[PDB]
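J.: Submitted below is the structure of interest, expressed as structure tokens.
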Amino acid sequence: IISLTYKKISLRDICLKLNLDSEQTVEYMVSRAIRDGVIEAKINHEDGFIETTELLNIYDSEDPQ
Amino acid sequence: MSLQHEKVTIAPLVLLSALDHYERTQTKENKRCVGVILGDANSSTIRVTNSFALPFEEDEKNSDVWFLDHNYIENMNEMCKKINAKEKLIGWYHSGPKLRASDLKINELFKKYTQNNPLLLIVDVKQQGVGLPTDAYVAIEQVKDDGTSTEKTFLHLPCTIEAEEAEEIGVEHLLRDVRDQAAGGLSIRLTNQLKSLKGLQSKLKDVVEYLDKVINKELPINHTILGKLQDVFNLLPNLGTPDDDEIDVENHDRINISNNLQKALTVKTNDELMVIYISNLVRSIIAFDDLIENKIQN
């Protein structure tokens, strides 16, 4: 829900949103989830926020074929 | 004379005549039959309408030695014009197999009679392959950059076939084949795509072994051949062009329409599914009653 609503969000904000305990914990949920491609995101450690990466225009791609 | 010889369109009647006359003048085993070809010119497109045999006796030993009765050609010609006076002498058929540089001299004889450069229409009678058995050549005298003090030569000309209305209907009445140059249904054209690849391959292979001979076996450096190959490499396709991206857009369009149409046929046949089942339900009752009727009959 959080990824769709907000494309770029500080990891701090998610913790408050899902009531989750600390910064390290949310690190660990997103990290397991994006292996399965549910969220489909990548964490940017350096910048201290998370980037949605599904950004459509898969028409141009070979995909509809 | 006439430079105008840009294209050669050829009557199937000409072919037919050249093949038949070959045997009724009774020449075999590389004994040439030379006959006249009649039709129009002083026109870009040259149209060879019809032909007639001349007697031709050719000495076996050499191609510099031959008999041709000149006088005959004039006597034949005048009766022939009465029939149709549109037609003019424009050159000569040669009954193959294949070009000679003795023809250059032969051509010159015919040029006396003709007011245009004589066309040498080599109608090959051996019909090798299913490809056209016509090469066309015209005697032209041209200068050349090498040093040569004017060369006299035969230059290849494009051969195609056209037939008249009268002629075309004769071709189709004769034929009884299923045909496969029709390029009609999915099946004929399926073949046709493969056929073209291999078509190309054979030709390409010939180019390739020919290039080896030029720089190894001292076949002359014919600058014209090489010159033409440059256009092939320059105008060769490229990838990562925004054209390539363009092809992909088209590819999606055509597959897209294919699917809608595929589903659309599924609907039609399913309506038929229902119709056969109504019929079948009806006939269960008829089958039942059938027995009762037979009881009375027995």
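By convention here, the chains of the structure tokens are called A, B, ... in the order presented, each chain's residues are numbered starting at 1, and ligands are numbered starting at 1 in the order presented.
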Find the residues around residue 9 in chain A up to 12 Å (only C-alpha atoms counted), leave out those fewer than 6 positions away in its own chain, and share them as a list in words.

T.: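 Returned residues: residues 2, 3, 15, 16, 17, 41, 42, 43, 44, 47, 48, 49, 50, 51 and 52 of chain A.
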
J.: Name all residues at most 9 Å from residue 38 in chain B (count only C-alpha atoms; drop same-chain ones fewer than 2 positions away) and give them as an MDAnalysis selection string.

T.: chainID B and resid 36 40 47:52 87:92

J.: Once you have the residues from the selection above, write them out as a JSON list (two decimals), in the first residue's frame, restricted to N, CA and C atoms.

T.:
```
[["chain", "number", "residue", "atom", "x", "y", "z"],
["B", 36, "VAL", "N", 14.70, -14.92, -87.36],
["B", 36, "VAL", "CA", 14.39, -13.50, -87.17],
["B", 36, "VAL", "C", 13.40, -13.31, -86.03],
["B", 40, "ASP", "N", 7.93, -4.52, -82.17],
["B", 40, "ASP", "CA", 8.18, -3.06, -82.15],
["B", 40, "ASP", "C", 9.38, -2.59, -81.42],
["B", 47, "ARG", "N", 9.10, -4.66, -77.31],
["B", 47, "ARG", "CA", 8.18, -5.74, -77.26],
["B", 47, "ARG", "C", 8.38, -6.67, -78.39],
["B", 48, "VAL", "N", 8.84, -7.96, -78.11],
["B", 48, "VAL", "CA", 9.03, -8.97, -79.13],
["B", 48, "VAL", "C", 7.80, -9.78, -79.31],
["B", 49, "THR", "N", 7.06, -9.56, -80.41],
["B", 49, "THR", "CA", 5.82, -10.06, -80.68],
["B", 49, "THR", "C", 5.81, -11.36, -81.27],
["B", 50, "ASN", "N", 6.71, -11.65, -82.26],
["B", 50, "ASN", "CA", 6.59, -12.92, -82.95],
["B", 50, "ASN", "C", 7.96, -13.21, -83.54],
["B", 51, "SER", "N", 8.08, -14.45, -84.13],
["B", 51, "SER", "CA", 9.33, -14.88, -84.78],
["B", 51, "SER", "C", 9.17, -15.80, -85.97],
["B", 52, "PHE", "N", 10.20, -15.87, -86.79],
["B", 52, "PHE", "CA", 10.19, -16.87, -87.87],
["B", 52, "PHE", "C", 11.56, -17.39, -88.07],
["B", 87, "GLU", "N", 4.78, -4.71, -87.62],
["B", 87, "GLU", "CA", 5.99, -5.48, -87.27],
["B", 87, "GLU", "C", 7.05, -4.96, -88.19],
["B", 88, "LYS", "N", 8.29, -4.93, -87.59],
["B", 88, "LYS", "CA", 9.54, -4.66, -88.26],
["B", 88, "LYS", "C", 10.63, -5.61, -87.77],
["B", 89, "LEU", "N", 11.61, -5.78, -88.67],
["B", 89, "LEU", "CA", 12.84, -6.52, -88.27],
["B", 89, "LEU", "C", 13.50, -5.76, -87.17],
["B", 90, "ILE", "N", 13.74, -6.38, -86.07],
["B", 90, "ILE", "CA", 14.49, -5.77, -84.94],
["B", 90, "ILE", "C", 15.69, -6.61, -84.48],
["B", 91, "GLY", "N", 16.01, -7.80, -85.02],
["B", 91, "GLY", "CA", 17.15, -8.61, -84.54],
["B", 91, "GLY", "C", 16.86, -10.05, -84.80],
["B", 92, "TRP", "N", 17.43, -10.97, -83.97],
["B", 92, "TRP", "CA", 17.52, -12.36, -84.34],
["B", 92, "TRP", "C", 17.47, -13.22, -83.05]]
```

J.: Contacts from chain B to chain A, 9 Å maximum, only C-alpha atoms: show me the residue list as JSON, numbers by chain.

T.: {"B": [245, 248, 249, 251, 252, 255, 256]}

J.: In terms of the shortest atom-to-atom distance over only C-alpha atoms, which of B:15, B:171, B:166, B:226 is closest to residue 122 in chain B?

T.: B:15

J.: Please run DSSP on the backbone and report, as a PyMOL selection string, all residues within chain A that come out as alpha helix (DSSP H).

T.: chain A and resi 2-5+11-17+23-36

J.: Please dump the current selection as a short mmCIF file (atom, residue, chain, number, x, y, z; two decimals), in the first residue's frame; keep N, CA, C and O atoms.

T.:
```
data_model
loop_
_atom_site.label_atom_id
_atom_site.label_comp_id
_atom_site.auth_asym_id
_atom_site.auth_seq_id
_atom_site.Cartn_x
_atom_site.Cartn_y
_atom_site.Cartn_z
N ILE A 2 1.96 1.23 0.87
CA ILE A 2 2.91 2.34 1.17
C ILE A 2 3.78 2.68 -0.05
O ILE A 2 4.05 3.86 -0.32
N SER A 3 4.16 1.64 -0.80
CA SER A 3 4.95 1.82 -1.99
C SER A 3 4.12 2.52 -3.09
O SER A 3 4.62 3.37 -3.82
N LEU A 4 2.86 2.10 -3.31
CA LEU A 4 2.00 2.65 -4.29
C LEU A 4 1.66 4.12 -4.00
O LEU A 4 1.81 4.88 -4.95
N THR A 5 1.23 4.48 -2.75
CA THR A 5 0.87 5.75 -2.28
C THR A 5 2.00 6.72 -2.34
O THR A 5 1.82 7.79 -2.90
N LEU A 11 12.58 5.64 5.51
CA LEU A 11 12.33 4.37 6.08
C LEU A 11 11.71 4.64 7.45
O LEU A 11 11.05 3.69 8.01
N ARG A 12 11.96 5.72 8.11
CA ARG A 12 11.43 6.20 9.35
C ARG A 12 9.88 6.25 9.29
O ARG A 12 9.21 5.82 10.28
N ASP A 13 9.34 6.78 8.18
CA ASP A 13 7.95 7.03 8.01
C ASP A 13 7.24 5.69 7.96
O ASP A 13 6.19 5.53 8.51
N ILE A 14 7.81 4.64 7.39
CA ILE A 14 7.07 3.34 7.24
C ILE A 14 6.84 2.84 8.61
O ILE A 14 5.74 2.40 8.91
N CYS A 15 7.90 2.87 9.51
CA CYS A 15 7.85 2.35 10.84
C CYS A 15 6.72 2.86 11.68
O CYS A 15 6.14 2.12 12.46
N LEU A 16 6.43 4.15 11.56
CA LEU A 16 5.34 4.81 12.22
C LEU A 16 4.06 4.32 11.62
O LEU A 16 3.04 4.15 12.31
N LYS A 17 4.02 4.14 10.31
CA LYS A 17 2.84 3.80 9.56
C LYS A 17 2.36 2.41 9.93
O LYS A 17 1.15 2.23 10.03
N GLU A 23 13.95 0.73 12.96
CA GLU A 23 14.39 0.95 11.59
C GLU A 23 14.92 -0.35 10.91
O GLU A 23 14.73 -0.53 9.69
N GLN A 24 15.64 -1.15 11.76
CA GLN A 24 16.22 -2.39 11.41
C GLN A 24 15.11 -3.34 11.04
O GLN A 24 15.21 -4.17 10.14
N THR A 25 13.90 -3.28 11.70
CA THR A 25 12.81 -4.27 11.44
C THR A 25 12.17 -4.06 10.08
O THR A 25 11.90 -5.04 9.36
N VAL A 26 11.90 -2.86 9.71
CA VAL A 26 11.26 -2.61 8.46
C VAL A 26 12.28 -2.95 7.43
O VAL A 26 11.77 -3.39 6.45
N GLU A 27 13.63 -2.70 7.62
CA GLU A 27 14.62 -3.09 6.69
C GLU A 27 14.37 -4.50 6.28
O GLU A 27 14.17 -4.77 5.07
N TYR A 28 14.23 -5.38 7.28
CA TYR A 28 14.06 -6.81 7.12
C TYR A 28 12.79 -7.22 6.51
O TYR A 28 12.87 -8.26 5.82
N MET A 29 11.57 -6.55 6.71
CA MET A 29 10.39 -6.98 5.95
C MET A 29 10.52 -6.68 4.48
O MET A 29 10.12 -7.48 3.66
N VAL A 30 10.98 -5.42 4.09
CA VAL A 30 10.94 -5.01 2.67
C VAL A 30 11.90 -6.02 1.98
O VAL A 30 11.50 -6.53 0.95
N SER A 31 13.10 -6.26 2.55
CA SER A 31 14.17 -7.02 2.01
C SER A 31 13.71 -8.39 1.69
O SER A 31 13.91 -8.89 0.56
N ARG A 32 12.93 -9.10 2.49
CA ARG A 32 12.45 -10.43 2.18
C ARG A 32 11.40 -10.31 1.12
O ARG A 32 11.26 -11.12 0.15
N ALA A 33 10.52 -9.28 1.17
CA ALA A 33 9.37 -9.13 0.26
C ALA A 33 9.83 -8.89 -1.21
O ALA A 33 9.22 -9.27 -2.15
N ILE A 34 10.97 -8.19 -1.46
CA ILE A 34 11.28 -7.80 -2.79
C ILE A 34 12.02 -8.93 -3.49
O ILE A 34 12.16 -8.89 -4.71
N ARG A 35 12.38 -10.00 -2.74
CA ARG A 35 12.89 -11.15 -3.37
C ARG A 35 11.73 -11.77 -4.17
O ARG A 35 11.93 -12.35 -5.22
N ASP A 36 10.46 -11.67 -3.67
CA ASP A 36 9.25 -12.33 -4.20
C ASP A 36 8.61 -11.41 -5.16
O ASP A 36 7.80 -11.84 -6.00
#
```

J.: With range 74-81 of chain B as the partner and 12 Å as the cut-off, tabulate the residues of range 92-131 of chain B that qualify, each row holding the nearest pair of atoms and their distance in Å to one decimal, using only C-alpha atoms, sorted by chain and rising number, as a Markdown table.

T.:
```
| residue | atom | partner | partner_atom | distance |
| --- | --- | --- | --- | --- |
| B:110 | CA | B:74 | CA | 11.3 |
| B:112 | CA | B:74 | CA | 11.6 |
| B:113 | CA | B:74 | CA | 8.6 |
| B:114 | CA | B:74 | CA | 11.4 |
```

J.: With a distance cut-off of 12 Å and only C-alpha atoms, select the neighbouring residues of range 24-31 of chain B, excluding the residue or stretch itself and same-chain residues fewer than 4 positions from it, and output the selection as number ranges by chain.

T.: B: 17-20, 35, 52-63, 66, 94-98, 124-126

J.: Would you mind exporting the chosen residues as a JSON list (two decimals), in the first residue's frame, restricted to N, CA and C atoms?

T.:
```json
[["chain", "number", "residue", "atom", "x", "y", "z"],
["B", 17, "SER", "N", 7.68, -20.75, -80.47],
["B", 17, "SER", "CA", 8.21, -20.86, -81.79],
["B", 17, "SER", "C", 9.64, -21.30, -81.85],
["B", 18, "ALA", "N", 10.51, -20.78, -80.96],
["B", 18, "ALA", "CA", 11.97, -21.04, -80.98],
["B", 18, "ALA", "C", 12.30, -22.47, -80.58],
["B", 19, "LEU", "N", 11.40, -23.06, -79.70],
["B", 19, "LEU", "CA", 11.61, -24.36, -79.25],
["B", 19, "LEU", "C", 11.26, -25.39, -80.32],
["B", 20, "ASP", "N", 10.05, -25.18, -80.98],
["B", 20, "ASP", "CA", 9.51, -26.03, -82.01],
["B", 20, "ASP", "C", 10.30, -26.08, -83.30],
["B", 35, "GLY", "N", 17.07, -17.44, -86.27],
["B", 35, "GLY", "CA", 15.92, -17.00, -86.93],
["B", 35, "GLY", "C", 15.65, -15.57, -86.63],
["B", 52, "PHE", "N", 10.20, -15.87, -86.79],
["B", 52, "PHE", "CA", 10.19, -16.87, -87.87],
["B", 52, "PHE", "C", 11.56, -17.39, -88.07],
["B", 53, "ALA", "N", 11.71, -18.68, -88.35],
["B", 53, "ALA", "CA", 12.94, -19.42, -88.69],
["B", 53, "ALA", "C", 13.43, -18.95, -90.02],
["B", 54, "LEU", "N", 14.78, -18.95, -90.14],
["B", 54, "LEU", "CA", 15.52, -18.81, -91.37],
["B", 54, "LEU", "C", 16.27, -20.08, -91.50],
["B", 55, "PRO", "N", 16.71, -20.60, -92.66],
["B", 55, "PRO", "CA", 17.58, -21.70, -92.70],
["B", 55, "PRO", "C", 18.98, -21.31, -92.19],
["B", 56, "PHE", "N", 19.67, -22.30, -91.50],
["B", 56, "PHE", "CA", 20.88, -21.87, -90.91],
["B", 56, "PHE", "C", 21.65, -23.15, -90.90],
["B", 57, "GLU", "N", 22.85, -23.03, -91.52],
["B", 57, "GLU", "CA", 23.75, -24.12, -91.57],
["B", 57, "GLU", "C", 25.01, -23.60, -90.97],
["B", 58, "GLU", "N", 25.56, -24.36, -90.00],
["B", 58, "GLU", "CA", 26.71, -23.83, -89.26],
["B", 58, "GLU", "C", 27.77, -24.91, -89.32],
["B", 59, "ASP", "N", 29.03, -24.48, -89.56],
["B", 59, "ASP", "CA", 30.10, -25.41, -89.77],
["B", 59, "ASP", "C", 30.49, -25.85, -88.42],
["B", 60, "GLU", "N", 30.71, -27.20, -88.32],
["B", 60, "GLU", "CA", 31.04, -27.78, -87.02],
["B", 60, "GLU", "C", 32.30, -27.31, -86.46],
["B", 61, "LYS", "N", 33.39, -27.19, -87.28],
["B", 61, "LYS", "CA", 34.71, -26.97, -86.80],
["B", 61, "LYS", "C", 34.90, -25.62, -86.11],
["B", 62, "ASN", "N", 34.42, -24.54, -86.79],
["B", 62, "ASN", "CA", 34.65, -23.19, -86.28],
["B", 62, "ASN", "C", 33.40, -22.35, -86.32],
["B", 63, "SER", "N", 33.36, -21.23, -85.54],
["B", 63, "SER", "CA", 32.20, -20.43, -85.48],
["B", 63, "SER", "C", 32.38, -19.22, -86.25],
["B", 66, "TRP", "N", 30.51, -20.03, -91.47],
["B", 66, "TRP", "CA", 29.13, -20.41, -91.45],
["B", 66, "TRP", "C", 28.43, -20.04, -92.77],
["B", 94, "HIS", "N", 18.87, -16.67, -81.20],
["B", 94, "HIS", "CA", 19.99, -17.60, -81.19],
["B", 94, "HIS", "C", 19.44, -18.68, -80.27],
["B", 95, "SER", "N", 19.56, -19.97, -80.70],
["B", 95, "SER", "CA", 19.00, -21.12, -80.02],
["B", 95, "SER", "C", 19.87, -21.70, -78.91],
["B", 96, "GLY", "N", 20.62, -20.84, -78.19],
["B", 96, "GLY", "CA", 21.49, -21.24, -77.16],
["B", 96, "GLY", "C", 22.52, -22.25, -77.54],
["B", 97, "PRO", "N", 23.22, -22.95, -76.57],
["B", 97, "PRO", "CA", 23.11, -22.80, -75.11],
["B", 97, "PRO", "C", 23.46, -21.47, -74.64],
["B", 98, "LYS", "N", 24.56, -20.73, -75.20],
["B", 98, "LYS", "CA", 25.10, -19.71, -74.38],
["B", 98, "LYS", "C", 26.04, -18.79, -75.15],
["B", 124, "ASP", "N", 17.33, -19.81, -74.91],
["B", 124, "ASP", "CA", 17.90, -21.12, -74.51],
["B", 124, "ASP", "C", 16.75, -22.12, -74.66],
["B", 125, "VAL", "N", 16.98, -23.27, -75.38],
["B", 125, "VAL", "CA", 15.97, -24.24, -75.64],
["B", 125, "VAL", "C", 16.10, -25.42, -74.70],
["B", 126, "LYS", "N", 17.12, -25.43, -73.82],
["B", 126, "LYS", "CA", 17.43, -26.55, -73.00],
["B", 126, "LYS", "C", 16.71, -26.55, -71.68]]
```
